[PDB]
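Reading through the structure tokens given below for one structure.
Values below: every heavy atom of this structure, side chains too, minus hydrogens, waters and symmetry copies. Order of the sequence lines sets the chain letters (A, B, ...), proteins ahead of strands, with each chain counted from 1.
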4 protein chains.
Amino acid sequence: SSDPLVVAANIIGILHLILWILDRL
Amino acid sequence: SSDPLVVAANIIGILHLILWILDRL
Amino acid sequence: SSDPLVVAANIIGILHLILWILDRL
Amino acid sequence: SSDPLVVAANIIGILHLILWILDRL
Ligand SMILES: CCCCCCCC/C=C\CCCCCCCC(=O)OC[C@H](O)CO
Ligand SMILES: CCCCCCCC/C=C\CCCCCCCC(=O)OC[C@H](O)CO
Ligand SMILES: CCCCCCCC/C=C\CCCCCCCC(=O)OC[C@H](O)CO
Ligand SMILES: CCCCCCCC/C=C\CCCCCCCC(=O)OC[C@H](O)CO
Ligand SMILES: CCCCCCCC/C=C\CCCCCCCC(=O)OC[C@H](O)CO
Ligand SMILES: CCCCCCCC/C=C\CCCCCCCC(=O)OC[C@H](O)CO
Ligand SMILES: CCCCCCCC/C=C\CCCCCCCC(=O)OC[C@H](O)CO
Ligand SMILES: CCCCCCCC/C=C\CCCCCCCC(=O)OC[C@H](O)CO
Ligand SMILES: [Ca+2]
Ligand SMILES: [Ca+2]
Ligand SMILES: [Ca+2]
Ligand SMILES: [Ca+2]
Ligand SMILES: [Cl-]
Ligand SMILES: [Cl-]
Ligand SMILES: [Sr+2]
């Protein structure tokens with residue numbers, strides 16, 4: 001398990017990556 | 001919970017994202 | 001140990017970095 | 001504490017940020 005703030009930050013990080021890829025695609 | 005260095009790195013990562021968005025906005 | 005979602009996100013983050021470097025190289 | 005791979009990934013992430021800032025500066 002992780003600190004809740006770390007889980008949240010990682011979810012945000014992944015969504016950022018998805019949105020970046022979709023933007024470029 | 002997380003390693004303190006990981007918590008710190010994630011806080012920095014999120015602030016970086018906020019500042020990036022504000023810069024572009 | 002970390003949340004499995006955090007491990008996964010970090011692996012993805014590192015692969016992203018590798019692919020970015022290889023793209024620029 | 002965190003998975004060792006997560007600690008490593010976060011250290012790499014921070015160094016990446018430092019090198020990016022120094023490059024732009
Ligand atoms: C291109 C712009 C960058 C992208 C902008 C996207 C910002 C998304 C913000 C919030 C959604 C994600 C947050 C989800 C947080 C849920 C709470 C949580 O995960 O807590 C778990 C905890 O471990 C339980 O105690
Ligand atoms: C248009 C773009 C579409 C937007 C798509 C964005 C999806 C975000 C991706 C992953 C976060 C969701 C993962 C949620 C699972 C979290 C539960 C967890 O944190 O721990 C589970 C672990 O396996 C047990 O400890
Ligand atoms: C665009 C440039 C990139 C952005 C530049 C921003 C750099 C921010 C640096 C430090 C502030 C954040 C650090 C906050 C650290 C607090 C200590 C901590 O979080 O420790 C928790 C631990 O788990 C308890 O034992
Ligand atoms: C001009 C731009 C404005 C700058 C805005 C930047 C704000 C940084 C965002 C989040 C870090 C703060 C989150 C602090 C909470 C940390 C406590 C924690 O780490 O764990 C809590 C958990 O819910 C129990 O384990
Ligand atoms: C340039 C585009 C960005 C790059 C696109 C790359 C996307 C890669 C996606 C998935 C592979 C990585 C996921 C590996 C996940 C394995 C599952 C896991 O790690 O779970 C561990 C857990 O702790 C055990 O319970
Ligand atoms: C063309 C580009 C080539 C692609 C290359 C991408 C490689 C991805 C890098 C690291 C993820 C693999 C690390 C796997 C180890 C995970 C096991 C773990 O999570 O914990 C281990 C810890 O030491 C005990 O707790
Ligand atoms: C611009 C290019 C991107 C930047 C390229 C930089 C790549 C740096 C690679 C490795 C150094 C960092 C790795 C340090 C890893 C030490 C091992 C560790 O941290 O393990 C802790 C564990 O928790 C104990 O069991
Ligand atoms: C030219 C550029 C100069 C390069 C500069 C790059 C420095 C990398 C930054 C941070 C990683 C080092 C942090 C090492 C501390 C790790 C120990 C830890 O992981 O846990 C400690 C925690 O407080 C107890 O659990
Ligand atoms: Ca906490
Ligand atoms: Ca430690
Ligand atoms: Ca979980
Ligand atoms: Ca492990
Ligand atoms: Cl990142
Ligand atoms: Cl973690
Ligand atoms: Sr943990």
Measure the shortest side-chain to side-chain distance between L15(B) and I11(B) over non-hydrogen atoms and say whether it is less than 4.5 angstrom. no
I18(B) meets the side chain to side chain contact (heavy atoms under 4.5 Å, CB included) criterion, sequence neighbours left out, with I14(B), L22(B)
Distance-only donor-acceptor pairs under 3.5 Å across chain B and chain D:
from	atom 1	to	atom 2	distance (Å)
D3(B)	N	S2(D)	OG	2.9
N10(B)	ND2	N10(D)	OD1	3.0

